[PDB]
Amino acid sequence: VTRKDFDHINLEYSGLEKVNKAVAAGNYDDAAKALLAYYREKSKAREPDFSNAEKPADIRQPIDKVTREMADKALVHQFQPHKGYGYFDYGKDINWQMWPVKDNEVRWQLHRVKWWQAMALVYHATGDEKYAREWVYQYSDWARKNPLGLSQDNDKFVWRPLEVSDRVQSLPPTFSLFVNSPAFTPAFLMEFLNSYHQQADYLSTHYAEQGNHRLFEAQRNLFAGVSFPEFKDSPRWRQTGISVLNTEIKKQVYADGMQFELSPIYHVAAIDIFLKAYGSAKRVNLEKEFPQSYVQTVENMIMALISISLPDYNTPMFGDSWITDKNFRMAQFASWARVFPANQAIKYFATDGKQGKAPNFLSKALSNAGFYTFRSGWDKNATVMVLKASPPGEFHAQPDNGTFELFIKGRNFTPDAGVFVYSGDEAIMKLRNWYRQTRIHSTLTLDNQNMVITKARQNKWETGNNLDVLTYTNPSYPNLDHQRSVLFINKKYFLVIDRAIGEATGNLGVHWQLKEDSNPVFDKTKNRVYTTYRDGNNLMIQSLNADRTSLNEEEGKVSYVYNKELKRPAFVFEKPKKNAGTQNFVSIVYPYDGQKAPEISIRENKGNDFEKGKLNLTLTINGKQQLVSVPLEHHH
């Protein structure tokens, strides 16, 4: 062990006092022993942090079969780097350059050394020292055989920044789990610390300018300086990661807390990226390095997610989004609660309502992303509508402005059609393009054509005890604006006002979709549709137009998860726009108990004038009158 072996260590870091004396005094072997004692001390004093990983390992879960298998195969130098292939024998003196298949991916993913963590967990669980001896043997083997600048092609696979970042993230908890083994010599420690340093620092000078990799790589660089703050360079590493993450959270999330892709599931992924970074720092008291705006933004992203969370823990399947596992979602919230312990709403979601307090609000607008929630409450039997009238997204968004999911008494009545599949060959693309159609969502079309953009302007948003009102306008077609208003009345039901405004002429259609098992009745005499559920939790959708309006079924589908789909009812209210005069639809969306659909009619009162943004209508429901009197626009 040389003087040189300590060059990158900050000897004046708190706790390394003995290590300093020994190096200054010239006995380096005892310096190394003293450093090893400090890390062993630090390892016992805190749990390994796995939480930055895509799938964080659990120290106290029993060893399942694949993990056992992975650890045992590694003892005979068989590794399975790629999931599309099984184990390969890399030899008794390991050959890290072996090309057992002709796929680049097999060589790249080999240098993610995924099995090292497996060995760590099995070593932790059994205590069997053979796992530790082999890992130390293997780390040294790998470091010695794959130095940076070995050759052009080696560095292409071993020192590509994605993989380097993978290793700088997996190694800290792996190290933590092996550091107490008598196989972990003080000589090795120094070999490890200098090899780690080189990687984390290389990462700091090579992270990506553009795209998906940039965020992962910066976050892991930060995780390097958090995990090993003893390096002279760890504060620079942290600042660099923080800077990249802070720059990108400003660019990628709106002031209302929603992530710019407009897909609920991608917003949730983004929370993990930005929160795990901060969480790991906070665990070792380095959170003060993050600016306050970043901490607030992240908290706001969780609240934005909460606002569009339905009672079953799902988010509406807008664009490329799908249903998810409630237990996994609760575990995410519980980890978030750890970061924001004072947040009662987050605690509430973490514990399925047992602890914390319900969020501080009912209906809420996320006005930058254009997600609007109408809710009666947060309980399992609330009525909840989440509606999208957004700005433009990219690949994971669709031309669906107006569409909504309506969840009543434990059931989702109007699930979004969803994704079904991502891009592929021509055959796969037409499967995907079908799901991107405007006409299959709950909004207005002209001649069943896709709207050319989602660029909603919010005309009014107001909440109230027994009235919430949204009004927005979408420039859906070059000569046709679509104005939609939604009134959530008496925390129970909805009046939906759709206006087609401009010069274009053709077939106006307001489309609707229902759950696969709702077995609806289509009633062309009254232009109403109603579900026929045995349990009495039912829904009516009825057109209330004065003028001649038709009711027709159309092909309807829903994909809850990837590459699976179910037929489901869909329909449309249709009416001609012959000239340049505006056409108006009045529709009612009315949940009811029991088996008999209610009789609903409507009277236009004096003062009612949709042209001046004035609504004054009297509904009659099973004989009883409900006055609705509200201005549809604000600031006019």
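Numbers for residues come from their place in the sequence shown, where the first is 1.
Comparing the deposited coordinates for 419-427 and 330-338, the stretch with the larger average C-alpha B-factor is 419-427. The mean Cα B-factor in the deposited entry runs higher for 54-62 than for the other of 579-587 and 54-62. Highest C-alpha temperature factor among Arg457, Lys388, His482, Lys73 per the entry: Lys73. Among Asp498, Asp312, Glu553, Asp201, the highest C-alpha B-factor recorded in the PDB entry belongs to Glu553. Split the chain's modelled residues into thirds by C-alpha temperature factor. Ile602 is in the middle one. Among the modelled residues of the chain, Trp434 sits in the middle third by CA temperature factor in this PDB entry. Among all modelled residues in its chain, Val529 ranks in the lowest third by Cα B-factor. In the deposited entry, the Cα temperature factor of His634 sits in the middle third of values across the chain's modelled residues. When the modelled residues of the chain are ordered by their C-alpha B factor, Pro173 lands in the middle third.
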